[PDB]
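What follows is a set of notes on a single structure, which appears directly below.
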Amino acid sequence: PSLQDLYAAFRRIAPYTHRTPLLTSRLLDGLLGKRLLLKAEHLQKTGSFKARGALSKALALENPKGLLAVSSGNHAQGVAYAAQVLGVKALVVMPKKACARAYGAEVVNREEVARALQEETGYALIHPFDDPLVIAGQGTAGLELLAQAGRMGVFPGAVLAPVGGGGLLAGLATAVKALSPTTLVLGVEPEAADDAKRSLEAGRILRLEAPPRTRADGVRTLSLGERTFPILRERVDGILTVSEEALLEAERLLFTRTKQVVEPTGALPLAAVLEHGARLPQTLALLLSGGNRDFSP
Amino acid sequence: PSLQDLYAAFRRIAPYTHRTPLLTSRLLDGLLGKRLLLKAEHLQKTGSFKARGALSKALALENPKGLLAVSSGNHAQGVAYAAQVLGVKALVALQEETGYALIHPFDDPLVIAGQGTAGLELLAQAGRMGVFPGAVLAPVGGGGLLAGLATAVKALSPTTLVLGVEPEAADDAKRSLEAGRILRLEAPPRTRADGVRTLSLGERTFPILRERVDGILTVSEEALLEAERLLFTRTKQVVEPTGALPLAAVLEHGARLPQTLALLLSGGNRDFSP
Amino acid sequence: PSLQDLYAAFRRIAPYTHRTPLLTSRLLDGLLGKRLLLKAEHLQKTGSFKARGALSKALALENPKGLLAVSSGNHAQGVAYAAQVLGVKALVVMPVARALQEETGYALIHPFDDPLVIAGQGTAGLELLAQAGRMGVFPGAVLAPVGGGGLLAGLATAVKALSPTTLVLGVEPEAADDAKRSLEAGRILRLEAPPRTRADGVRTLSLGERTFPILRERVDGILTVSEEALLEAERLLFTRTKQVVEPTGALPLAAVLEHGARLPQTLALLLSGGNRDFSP
Amino acid sequence: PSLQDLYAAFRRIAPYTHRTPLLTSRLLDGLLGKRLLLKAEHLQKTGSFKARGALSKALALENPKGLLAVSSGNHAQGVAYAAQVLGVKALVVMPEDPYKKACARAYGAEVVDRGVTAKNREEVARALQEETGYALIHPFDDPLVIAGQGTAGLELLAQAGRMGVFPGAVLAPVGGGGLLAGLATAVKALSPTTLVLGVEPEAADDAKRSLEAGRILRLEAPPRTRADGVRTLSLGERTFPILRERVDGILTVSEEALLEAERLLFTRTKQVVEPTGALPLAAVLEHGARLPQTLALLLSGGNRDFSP
Ligand SMILES: *Cc1c(COP(=O)(O)O)cnc(C)c1O
Ligand SMILES: *Cc1c(COP(=O)(O)O)cnc(C)c1O
Ligand SMILES: *Cc1c(COP(=O)(O)O)cnc(C)c1O
Ligand SMILES: *Cc1c(COP(=O)(O)O)cnc(C)c1O
Ligand SMILES: [Ca+2]
Ligand SMILES: [Ca+2]
Ligand SMILES: [Ca+2]
Ligand SMILES: [Ca+2]
């Protein structure tokens with residue numbers, strides 16, 4: 001999508017989503033020797049940035065009968081919420097479950113199950129990342145980030161976000177490069193599931209043989225999407241990988257220092273600073289993608 | 001202390017502490033059928049409101065050799081940060097030895113005055129929003145916070161209810177107010193709210209409570225846990241068990257409390273769980 | 001009135017008034033060797049702080065039939081605004097009224113000699129301290145214009161209740177220093193006739209009976225200013241901050257121009273109003 | 001220029017300019033039947049938006065020897081301010097015919113007044129340039145100046161976005177076209193359906209005439225109007241092509257409407273806005289019926305002299 005697509009997406013979803021804050025922490029800054037800007041999407045409607053993509057697509061549909069969604073978990077809640085906003089029914093096909101079911105969505109291998117439903121109910125299928133309107137929606141988070149950083153008079157040398165299917169990164173990259181092409185846009189992946197990094201270097205989409213094995217449950221995707229890959233090839237500077245150990249440490253830091261509840265895959269950007277800090281610029285914007293983790297006393 | 005003491009305290013500590021935000025959540029509101037205002041002290045320096053009290057007292061001393069504290073938990077950290085700010089030593093009989101100044105966690109005027117600054121902020125912030133709470137709820141241990149809070153609130157709007165909250169298995173402050181005298185637990189209570197396992201209210205806080213507090217509510221351990229869960233999952237905020245007591249009270253006594261409530265999230269220093 | 005009266009007043013009028021900004025001007029701070037905090041009451045409803053006092057009194061009346069007042073100018077608009085909020089009729093007698101009082105039975109809202117009016121004006125003082133605290137700035141003094149004494153009395157009550165060490169000072173044109181003279185004599189001295197000054201808002205013949213004792217106990221002093229300084233201060237606010245402030249609202253700045261050297265470095269100034277005629 | 005140029009200009013000038021507020025007034029919205037968003041450039045450093053353009057060009061210069069400018073108003077102050085930031089000297093040429101010279105000199109700029117007049121000023125400056133080697137900063141016919149002015153448009157959309165209000169049209173005054181070209185670029189790049197309209201005194205509608213014509217049309221002599229900041233005899237060479245393709249139209253307003261516009265802002269909002277900075281509000285007064293419901297108005301400046 002283009003920059004205009006992103007702005008139009010912002011206009012459509014603005015009244016139903018939060019202008020999440022760009023948090024800063026002197027504690028973290030001082031411990032890591034960096035100037036960090038934390039885009040708080042864990043404070044977004046439904047607990048993650050996914051509400052943006054789902055609403056962007058749902059509100060552009062002309063008189064749809066209902067909404068249909070694969071799974072993901074976070075995307076399920078996003079679609080359910082959008083279903084509420086439009087006042088229609090939402091059917092979710094999952095393999096985050098209780099929450100989705102809560103928003104008034106009936107939850108229910110994958111692909112074939114959805115296909116048979118899309119024809120059966122006639123609802124609109126909302127893909128979690130391989131849809132132009134969905135990508136435009138996720139990207140609005142990038143438009144905001146720049147505006148907020150601008151208001152602060154702080155310009156990051158790099159923007160770090162997690163990558164699974166690539167919807168968020170593709171959207172973020174489109175926003176950043178259209179305004180400041182010299183700003184690095186970096187994706188982050190668990191080292192145990194680095195098909196995106198390998199795909200980008202080889203110029204072709206490589207797929208993981210089997211489900212990874214990482215605590216970042218939001219990016220256990222087998223491969224990048226067909227629509228997101230070409231955008232990443234053109235606008236993303238690189239992809240960094242992190243160990244499970246560093247991811248755990250990143251979560252611990254957010255939890256204990258900023259008192260924010262961020263789910264594991266939402267902590268990948270911080271993990272990357274922990275392991276590759278010396279090779280990154282001084283001022284970094286981190287996309288805390290979600291805060292939907294289970295409670296434990 | 002008086003209202004002028006609290007403001008005097010605010011001035012001393014303002015540069016070293018955060019003007020904590022007053023959070024609102026449409027999820028909690030719609031869920032509890034209330035209008036809740038959450039004073040986020042878990043976002044205060046060191047992770048709890050204790051920083052205010054420690055700083056309030058530390059900055060009031062003339063040439064302090066060092067600072068001394070009787071570890072209770074969050075107070076230890078508060079006193080450490082204070083020493084740091086002053087650029088002196090913090091250690092949590094060593095008094096006569098090194099001559100360090102002892103900072104009690106709740107039974108000291110300047111400490112109580114410091115905790116109270118949270119009450120002054122709450123009111124100004126609510127006032128800017130144009131929202132006036134019918135009641136302010138805060139957890140109670142030794143009574144420093146509740147005493148400071150009551151002082152700020154009653155001095156400005158005596159019709160606003162100031163309610164303390166404590167776990168049912170450690171309801172000494174409630175029964176102490178009932179008997180017009182201090183009662184004391186014989187042994188540490190069995191409760192998840194490790195921040196309020198105090199054996200009794202302080203001697204300097206008790207009188208302020210009988211005079212300025214409207215009552216103490218008790219909560220079950222089950223209600224506490226649920227309050228923690230709602231805060232965790234719905235507001236995505238890390239609040240330690242003791243800081244979720246106010247919300248636990250709304251869960252168990254909602255029907256008999258005002259429609260608009262100010263809750264004091266006293267701290268966020270809870271251990272990380274993978 | 002009491003600090004609690006100011007807060008109750010704040011609660012009554014909050015919904016119908018503006019929490020006006022506490023403005024800061026790097027330029028001004030630069031031109032003067034000071035750090036100035038400008039309470040923007042010129043941006044309040046009706047154009048002046050008066051809206052505060054009018055609504056405080058008016059919203060506490062039990063089933064008022066209508067409102068009537070000794071029209072001073074800005075007060076007239078405040079009372080008129082208050083009547084619109086209540087939904088009753090406002091009768092203003094601008095250059096008698098008591099007859100209309102008996103006739104209609106309307107409530108008379110005095111411009112300054114009324115506890116509820118004073119309490120109302122005083123809410124600007126509660127805001128000022130709250131906004132300044134949020135900024136982490138603590139002024140060594142607060143300066144405000146003095147006519148009837150309502151504003152200064154309310155302000156003095158708010159500031160002294162929280163920080164008595166903070167200086168509270170009134171300011172009036174030298175051509176009308178009756179309030180100043182009164183604080184010296186310990187009695188209410190009156191002006192032989194209109195003082196004639198550009199600060200039209202404070203050309204009252206004497207301090208009020210309910211405000212005078214509050215001032216004698218809560219006001220640290222009153223400063224007088226020449227008409228030349230007033231004009232200068234008025235030109236400064238106009239060209240440097242681009243704010244339309246009426247002459248009387250510029251008195252506190254004029255005092256800095258003439259007495260700066262003997263005032264603390266950080267000062268809070270109350271810009272009382274911005275209701276001046278337009279002139280291309 | 002380009003949207004990236006605008007953002008680049010923003011980055012360069014950000015630390016030395018104000019992110020001026022997007023003011024809203026219940027009163028104004030009441031009088032007119034509109035939702036008005038007022039971009040307060042009168043609150044910008046030096047009193048007008050021109051500080052943006054000036055800094056944008058000046059900060060981009062390498063090892064400048066000094067700054068030079070030929071202006072009869074606000075641009076002079078902008079350049080002088082820019083010169084203070086760089087730490088170099090500023091030379092301003094203005095005809096020997098107000099107090100606006102005092103402000104320029106206030107920012108530490110040297111003013112060449114001697115026997116200077118219109119038509120003659122350009123030659124005097126060219127000569128001063130040749131002699132000093134100082135860089136000349138044009139008030140509107142320079143890509144970096146236009147990019148700088150356009151940053152106001154970037155802020156405007158961000159601020160509007162933050163409050164969730166999307167203007168159906170943006171209105172700004174038109175003199176040389178720098179402000180309008182920069183604003184049109186920012187706005188059209190993000191949302192093309194959003195109307196961008198200029199406003200000029202009807203006694204100087206050369207811009208409106210040029211856009212309808214297809215080429216630049218100049219004025220015989222100095223126009224007669226209160227709006228002193230837009231008495232430019234004609235649009236600029238670099239701004240005109242941008243306007244022709246990125247501007248939806250130009251509105252003209254009576255001197256009567258302008259005066260009322262100024263009165264309303266002065267009395268209702270308590271803001272000191274110079275007459276030309278009031279043109280956008282005047283357009284609403286006279287053409288409100290043909291404009292959308294939600295309008296963004298560019299209050300270009302607040303540099304009018306004090307009047308007791
Ligand atoms: C969906 C999701 C991601 C991954 O985004 P992709 O568009 O699939 O790259 C990352 N973090 C969280 C919390 C998510 O929900
Ligand atoms: C210390 C503490 C309390 C109780 O305060 P007292 O002044 O001792 O009543 C409550 N919550 C937390 C998180 C604390 O650290
Ligand atoms: C009424 C008024 C004053 C004077 O206040 P008193 O309460 O009468 O002392 C000063 N400035 C303005 C703009 C006023 O309207
Ligand atoms: C210079 C100026 C204008 C006109 O801008 P142009 O870029 O020359 O069209 C409008 N208003 C004010 C206050 C100005 O200074
Ligand atoms: Ca992967
Ligand atoms: Ca107890
Ligand atoms: Ca007098
Ligand atoms: Ca023209």
Side-chain angles (χ1 to χ4, degrees), chain D residues 39 41-42 44 46-54 56-57 69-79 92 94-95 98 100 118 137-143 145-150 152-153 170-185 196-211 216-244 246-247 249-253 255 258 261-262 273-283 297-304:
Chain D
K39 180 65 180 166
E41 286 302 296
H42 63 103
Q44 180 58 256
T46 79
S48 84
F49 75 88
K50 282 195 174 61
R52 295 175 182 274
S56 177
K57 180 64 186 296
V70 201
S71 174
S72 41
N74 290 154
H75 184 66
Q77 296 176 54
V79 173
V92 173
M94 309 186 292
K100 40 191 59 56
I137 301 179
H138 197 83
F140 63 88
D141 236 3
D142 180 313
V145 165
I146 295 180
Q149 320 301 205
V170 181
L171 286 285
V174 192
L179 177 66
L180 189 59
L183 227 304
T185 302
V196 178
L197 307 161
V199 179
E200 71 194 332
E202 50 170 57
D205 58 336
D206 61 81
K208 179 180 180 60
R209 283 150 49 203
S210 290
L211 292 188
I216 164 181
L217 301 182
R218 186 167 188 173
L219 294 177
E220 305 163 53
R224 57 154 203 66
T225 174
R226 304 174 46 54
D228 52 300
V230 290
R231 290 176 181 168
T232 61
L233 299 184
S234 65
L235 291 172
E237 297 194 63
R238 286 206 173 73
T239 67
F240 180 58
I242 305 175
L243 301 193
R244 233 304 180 177
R246 293 169 180 171
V247 162
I250 300 190
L251 295 176
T252 45
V253 303
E255 296 293 299
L258 185 56
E262 301 167 60
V273 181
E274 59 182 273
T276 143
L279 282 166
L281 181 56
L297 304 187
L298 203 299
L299 306 183
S300 48
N303 288 157
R304 54 148 289 187

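Both backbone and side-chain heavy atoms feed into the values below; hydrogens, waters and symmetry mates do not. Numbered from 1 within each chain, the chains take letters A, B, ... in sequence-line order.
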With sequence neighbours excluded, tell me which residues meet side-chain hydrogen bond (donor to acceptor under 3.5 Å, both in side chains) with D/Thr225.
-> D/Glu255
With side-chain contact (heavy atoms from CB on, under 4.5 Å) as the test, would you mind laying out the steps for D/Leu235 and D/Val174 before giving the verdict?
-> CA-CA 8 Å; D/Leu235 291 172; D/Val174 192; 3.8 Å; yes
Do the non-hydrogen side-chain atoms of D/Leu211 and D/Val247 ever get within less than 4.5 Å of each other?
-> yes
Do D/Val170 and D/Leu197 have side chains that get closer than 4.5 Å, going by heavy atoms?
-> no
Working for side-chain contact (heavy atoms from CB on, under 4.5 Å), residues D/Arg246 and D/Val196 = CA-CA 8 Å; D/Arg246 293 169 180 171; D/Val196 178; over 6 Å; no
Between D/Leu219 and D/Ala204 the two heavy atoms that sit nearest each other are CD1-CB, 4.1 Å
With D/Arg226 via salt bridge (charged side-chain N to carboxylate O under 4.0 Å, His left out) - residues at least two apart | D/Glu262
Quick one: do D/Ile137 and D/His75 satisfy side-chain contact (heavy atoms from CB on, under 4.5 Å)? Show the steps, please.
-> CA-CA 9 Å; D/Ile137 301 179; D/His75 184 66; 3.8 Å; yes
By side chain to side chain contact (heavy atoms under 4.5 Å, CB included) - contacts of D/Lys208 (at least two apart) | D/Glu200, D/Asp205, D/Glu212, D/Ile250, D/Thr252
Sequence neighbours excluded, which residues qualify as side chain to side chain contact (heavy atoms under 4.5 Å, CB included) partners of D/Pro143?
-> D/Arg238
Can you find a pair of side-chain heavy atoms, one from D/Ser71 and one from D/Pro139, that are under 4.5 Å apart?
-> no
Nearest heavy-atom pair of D/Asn303 and D/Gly47: which atoms, and what distance?
-> ND2-CA, 3.5 Å
Closest heavy-atom pair and its distance - D/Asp141, D/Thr239 = OD1-N, 3.6 Å
D/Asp206: salt bridge (charged side-chain N to carboxylate O under 4.0 Å, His left out) partners, not counting sequence neighbours | none
Partner set under side chain to side chain contact (heavy atoms under 4.5 Å, CB included) for D/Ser234, not counting sequence neighbours = D/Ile216, D/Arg218
